[PDB]
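Architecture at a glance
Listed here are the chains, written in short residue letters.
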Amino acid sequence: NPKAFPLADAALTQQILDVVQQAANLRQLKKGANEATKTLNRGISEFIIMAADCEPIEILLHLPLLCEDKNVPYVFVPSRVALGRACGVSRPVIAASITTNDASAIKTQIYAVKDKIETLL
Amino acid sequence: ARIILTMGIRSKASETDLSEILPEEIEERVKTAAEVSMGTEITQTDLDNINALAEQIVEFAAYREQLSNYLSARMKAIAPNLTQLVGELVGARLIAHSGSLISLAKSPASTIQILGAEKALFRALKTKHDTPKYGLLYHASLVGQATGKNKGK
Amino acid sequence: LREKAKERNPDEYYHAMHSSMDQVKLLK
Amino acid sequence: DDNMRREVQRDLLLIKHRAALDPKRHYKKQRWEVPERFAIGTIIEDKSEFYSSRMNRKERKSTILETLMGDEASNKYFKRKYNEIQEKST
Amino acid sequence: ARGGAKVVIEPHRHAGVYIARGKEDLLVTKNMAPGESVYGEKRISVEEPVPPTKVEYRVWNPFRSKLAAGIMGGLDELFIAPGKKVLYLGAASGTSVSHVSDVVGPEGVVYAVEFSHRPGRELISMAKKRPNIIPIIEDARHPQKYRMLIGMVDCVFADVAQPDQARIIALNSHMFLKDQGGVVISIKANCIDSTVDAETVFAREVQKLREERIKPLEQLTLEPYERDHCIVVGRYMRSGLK
Amino acid sequence: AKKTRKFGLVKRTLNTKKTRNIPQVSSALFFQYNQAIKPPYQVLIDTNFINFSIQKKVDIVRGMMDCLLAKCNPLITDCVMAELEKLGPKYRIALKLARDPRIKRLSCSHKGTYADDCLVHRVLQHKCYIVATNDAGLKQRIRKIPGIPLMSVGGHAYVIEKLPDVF
Amino acid sequence: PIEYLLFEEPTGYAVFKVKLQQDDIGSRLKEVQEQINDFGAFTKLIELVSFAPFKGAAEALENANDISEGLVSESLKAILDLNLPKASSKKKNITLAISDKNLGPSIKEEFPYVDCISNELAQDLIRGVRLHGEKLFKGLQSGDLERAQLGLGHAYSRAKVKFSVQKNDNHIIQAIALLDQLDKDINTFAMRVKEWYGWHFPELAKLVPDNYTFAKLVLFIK
Amino acid sequence: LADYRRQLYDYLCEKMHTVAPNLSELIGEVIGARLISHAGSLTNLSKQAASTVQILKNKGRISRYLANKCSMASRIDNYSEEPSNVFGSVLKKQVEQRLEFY
Amino acid sequence: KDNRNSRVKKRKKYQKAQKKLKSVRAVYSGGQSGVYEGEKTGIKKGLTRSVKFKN
Amino acid sequence: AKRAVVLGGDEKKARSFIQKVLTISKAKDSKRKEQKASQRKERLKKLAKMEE
Ligand SMILES: [Zn+2]
């Protein structure tokens, strides 16, 4: 059992990266590990996507602790290059945060992946 | 600090007798504490550092005791009749309040009686209450042996 | 007050029937 | 007990009538009679917010009435409304 | 609200909790281990008469602790006493369990219950710092598996977020809570049932509580500090629930 | 305490003189809206409603479905259950309808059988149900409380009163 | 037939015998819950047969860990061997009451002539034993129950989380604080040495400004 | 007492190289231990953010840069059982590359 | 002009009916934004804004 | 009569500023009670128009 806790399979990972692009399009996703920690402190992060191929796993392993503190679930992607590509940016992001907004038309999708993610945890 | 100098670990305290530092009742109290404690295991370097710290502590305590004996000798040398009257510690405390011994000789009797509680003195004289009556000389053994208005007189 | 003055009733017994300028102020 | 009574009475009474201290606060409506036990003390900050939670040192003063008089917008607000209502009175 | 202001401390209606009155009001608890902020909170500290001792009090963020609105938002009766035993199911962090220790005081004890690993580790650290906290890293769904460690706790708080919250507190109260015991359950409808409405979830929770033989005494939603939240204060009767 | 002394006293009086508790407003309550009633519905049944549904011969769950245009869940408490059990033999068929796996039994912790007090406690503590009755004084009680859907029986079918989503 | 029952404690195991069986049909009544609440009537039910504590804190933690996992321990097996009378393994087994269905089949395997019972009645009896605590022990137990709880819980939680002195950091913290206080006390006590020998020789305080070498130079030139 | 201060300081450097060697290599043993005492725990140090450790022109730029790098080093020293001074040294190397870039 | 334009008449009245929402009871608005934890308006002792479950 | 006590400086400013605050609060409290009584008398006229 490595420190790399929940890491999804191929199809699940695909679909969260697709909600990643749609939330980045609707400005519902924030970028960076330090910014993810910031919105964790803010209490507006609704869930967290993180990487697995970073330098090293620890600088983003600091986030699951605050996740279990502020009951905000999280999961891992295998490729941070893929995570930055679904973020839609030239540089590989390693940690991104889905926020909260009540007037969002994709909220059923986010609550759907919330069900699937909680059954994964 | 003596217990830290004596033992370092729970089982060492359990197999070590501590009749010198503690009586036997508190010795079996710390024995049962070592049998059921909750702390972690302290490494050898941390134990050595805290042991040198305990050495510093007992050295401070012994030096302070020797200093108190030296102060008793100094007060008996300076003002022997005050040592015969009120006590070396409270005499040196009056000396430290007044500054100089010549200033304390210049001070009248009421100043010596309420030399300690100047705060309550000037307070009560300002807001019309009872003037304090002991000040610093309450800690003398005579006023300690007295009681109440006997303490006042 | 005029009515109570007419009916004062002068035989009532109550138990309470048995009780420089700044320089002068500082003195008093 | 019977010490610092002027300072603690001024502090207590200003907290009784804190509602007029700023025209934009508008606290709740309570009577707040004098309590039986209390202990005055200063709110020690954390080192986490040295900028906005730390206040000052050359403005750290021993009475909240005294820091209200140190507050100048409340001072001019008070003197303005005080001149107003004393003109209304006279 | 700044780090140099002086406000005054009064006792609240509940025993063990205090209020700071100044330009604005603050929620106060008496610290047990003075000197360190357990999650970085602005702490007040007064003097009490030998030179006097500088006694510490800690602020209680209602936006952080779900319990603090129960005093601030206000219930009639809190089961917590300044010398009682309270078992804390769902011991998330010091932000709540240090406060419940600081309100049970040196005589009272808190039995922290948690399941995960690294928040549990920080719980081990803070429960080593404070004596009255006993930390358990055993799964809360298995009171039989942590049965050698808890004995007849007076009152329980529950902040667990699993959908079988009622079954968990049912087993725990059946085997550990004393008769006529106190329960304070924190219901989060967003985590219990995300589809149906919050008060429907709350009615389902109180009806399952009445099935599991605890008379509900009172309820609060704690609206202006946490959304879609609830607390139910109830009495474990065990004998003549009617 | 003589009457003429009292007369003098009231003339003197005229001549001289001339922990609390507030229950919160529910979070699910816009001004009179009660936005928390969405399909599926959750309804609460009375003995009078049962017997008048027998009299008008309407089906219970089918009737509330056609009246309320969606899915609905029925509830009775032990107070109204013991009230049916006290009515007994003449309403044995009403007891036969009241015992049903499709109606969900709800427990209570009450001393007596005053189902009026039971249900009005329920609605004063929850404000998420729909009451279905026929009784007059209780009707006036649920009328004087605001933001709650009353549905009574009458005529050929059921009739809803306070629900804004009438269609 | 609820003949014997067990009770775990951080100060070891306890074996009780039941003398009067409370009725099983009305186990939910006011009278039976009231006499399980009271202590004087519960003594008419439970009598201590055995009490064997744990030898040390380490074996206490090992046995508590085995209990939490749901397995049998060596001291517990010896206790059951001492106390349980060997009945016929096929018919009329001896009855033992526990609270753990996870522990049931383990004891059933380790002793074929015993039947383990974990019902609401046995749970109520175990809860009443937990309520009265040492009052059923009649002064046999030594070592405080609550202190044993605190020690065993801290040790069990640290064994589950694998606590690390490498991960400890208060050594660093107290090292910072003590070094700061130590430097302050160095300069204060050294300037006090400077005063105490400037009274005898003030031009030493004017000549050597280093306080450490000043103290050494005082020690040499008394 | 001065000798004991020297012993305690050297023990502090050893304990810093044992516990937080990457923070030690990045900034120093003593400055990292001061930041440890200022925060309260390495847990809280890895909990807080880059702006928080920053408050805890090109001078400010260098400060923000080193604050981000020390945040990452606090993270790895908090959640690594045996930290890698190779990573500590390459982190200090990038910091010194930025300092040379000044 | 509200009697002129209908949607504006609903607009400035619904929001007028919305400012009164905070008065009848505490409504949710964002959350904790600064560093302040307590209440700007004040805390009371014998208020107890809670519903009792009556037997 | 009051007790005659001399005060120097800071305490005189304290009493003057705090009596400023008392007069401010006295005016504000009188304004609140007059606004409240006007609301009561208008409420009473509307209650009369609704009872009759
Ligand atoms: Zn009922």
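Per the PDB record, the structure was determined using cryo-EM to 7.1 Å resolution.

Below, the discussion takes up the overall build of chain F. Across its full length, chain F carries 7 helices and 6 strands. Going residue by residue from the N terminus, the α and β elements of chain F occur as α-β-α-α-β-α-α-β-α-β-α-β-β. Its C-alpha radius of gyration of 23 Å places chain F more than 25% over the 15 Å reference for a compact globule of 167 residues. Viewed in the frame of its principal axes, chain F has a C-alpha envelope of about 75 × 40 × 35 Å.

To continue, consider the overall build of chain B. Each helix and strand in chain B was counted, giving 11 helices and 0 strands. Starting at the N terminus and ending at the C terminus, chain B contains elements arranged as α-α-α-α-α-α-α-α-α-α-α. Relative to the compact-globule value of 15 Å for 153 residues, chain B shows a C-alpha radius of gyration of 24 Å, a clear excess of over 25%. Judged by the C-alpha coordinates and their principal axes, chain B covers about 65 × 35 × 25 Å.

This next bit is on the interface of chain E and chain D. Across the contact, 14 residues belong to chain E and 14 residues belong to chain D. Within the residue set of the side of chain E that touches chain D, elements represented by two or more residues are β1 (6-11) and β4 (43-48) of chain E.

Here we take up the sheet that holds strand β11 (residues 214-220) of chain E. With respect to topology, 8 strands assemble into an open sheet ordered β8(E)-β7(E)-β6(E)-β9(E)-β10(E)-β12(E)-β11(E)-β1(I), the strand pairing being mixed. Pairing within the sheet leaves two strands with one partner each, and these edge strands are β8 (133-136) of chain E together with β1 (51-52) of chain I. Pairing geometry for strand β7 (residues 109-113) of chain E and β8(E), over 4 bridges, is parallel. Bridging across to β8(E), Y111(E) finds its partner in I134(E).

We now examine the interface of chain H and chain A. At the junction of the two partners, chain H supplies 5 residues and chain A supplies 4 residues. The element contributing the most residues to the side of chain H that touches chain A is helix α6 (residues 58-79) of chain H, with 3 residues. Across the side of chain H that touches chain A, the residue classes tally to 3 nonpolar, 1 polar and 1 charged.

Turning next to the pairing of β11(E). As paired elements, β11(E) and strand β12 (residues 229-236) of chain E share 6 bridges and run antiparallel to each other. Bridge pairing in β12(E) links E218(E) to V233(E). As paired elements, β11(E) and β1(I) share 2 bridges and run antiparallel to each other. Within β1(I), the residue paired with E218(E) across the bridge is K52(I).

For the 11 pairs of chains in contact, the maximum contact count is reached by chains D and E. No interface is formed between chain A and chain E, the nearest pair of C-alpha atoms being 6 Å apart. Contact between chain C and chain G is absent, and the minimum C-alpha spacing across the pair is 51 Å.

We now examine the environment of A73(H). Its place among the elements puts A73(H) in helix α6. Among all residues touching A73(H), those that are not within four sequence positions of it are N22(H) and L23(H).

Moving on, we come to the sheet that holds strand β4 (residues 95-98) of chain A. Residue and element names in this part refer to chain A. Reading across the sheet, the 4 strands line up as β1-β4-β2-β3 and stay open at both edges, with mixed pairing between neighbours. Looking at the sheet topology across the chains shown, the edges are occupied by β1 (29-31) and β3 (74-76). The sheet shows a mean angle of 20° between the axes of neighbouring strands, taken without regard to direction. Of the strand pairs in this sheet, strand β2 (residues 47-50) and β4 are connected by 4 bridges, and their pairing is antiparallel. Bridging from a neighbouring strand, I48 pairs with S97 of β4.

The subject of this paragraph is the UniProt feature "domain: PINc" in chain F. Here the UniProt feature "domain: PINc" sits at residues 41-140 of chain F. End-to-end, the C-alpha atoms of residues 41-140 of chain F are 22 Å apart, and along that stretch the chain is 51% helix and 16% strand.

Conventions used here
- Residues numbered from 1 in each chain as written, not as in the entry; some residues may be left out.
- Chains lettered and ligands numbered in written order.
- Part of a larger assembly, values for the part shown.
- Heavy atoms only, no water.
- Residues with missing side-chain atoms left out of burial classes, pairs and counts.
- Helix = DSSP H or I, 4+ residues; strand = E, 2+ residues; numbered from the N terminus.
- Rg over C-alpha atoms; globule rule 2.2 N^0.38 Å.
- Contact = heavy atoms within 4.5 Å.
- Pairing = 2+ DSSP bridges.
- Nonpolar A, V, L, I, M, F, W, Y, C, P; charged D, E, K, R; others polar.
- Axes fitted to C-alpha atoms, helices over the stretch in contact; angles between N-to-C directions.
- UniProt positions renumbered as here; feature names shortened; annotations may be inferred.

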